[PDB]
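Heads up, the chain below is alone and in the form deposited in one PDB entry; it's given as structure tokens.
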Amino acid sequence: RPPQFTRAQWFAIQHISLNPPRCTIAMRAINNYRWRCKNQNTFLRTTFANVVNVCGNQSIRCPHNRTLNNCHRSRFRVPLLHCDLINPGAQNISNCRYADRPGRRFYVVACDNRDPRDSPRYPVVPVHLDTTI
């Protein structure tokens, strides 16, 4: 996570976009902050407030990150854009290209207490997109 952002803000940068450009473009926003291009990434076509509400759902074991049990599954499916790296052959991150996979899925997020810099309007915030179902 870039220090410029709280965990919730970085979550939103990586995973919330109401109307993302195609993945090869959308992924630049994330990969600029990285050593190497991200292998895969999902953008949920929803709002931050909608995801905060999912933090209020039943807490579950995080499917990917199974040392954690601060995960929460959405009650409903949301439209999304999945991005898959097609050229892991490195050189520079500006050269990374992605396959586009639009879809509609439930999502599972890890939620934590907010950063002091996050709005007091959300005591608990999403901090990681664990997986989609």
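In case it trips you up, residue 1 is the first one in the sequence shown, and so on. Only residues modelled in both forms are compared. Between two forms, the rigid core is the largest collection of C-alphas that superpose within 1.5 Å.
Just so it is clear, the following notes concern the form deposited in another entry, a form of the same protein that is not shown.
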Rigid-core-referenced C-alpha movement of 2 Å or more between this form and the one not shown, selected from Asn65, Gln40, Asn53, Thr47:
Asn65
Quick check on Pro88: with the core superposed, does its CA move 2 angstroms or more between this form and the one not shown?
no
With a 2 Å cutoff on C-alpha displacement after fitting the rigid core, which stretches of 3 or more consecutive residues move between this form and the one not shown?
64-69, 89-92
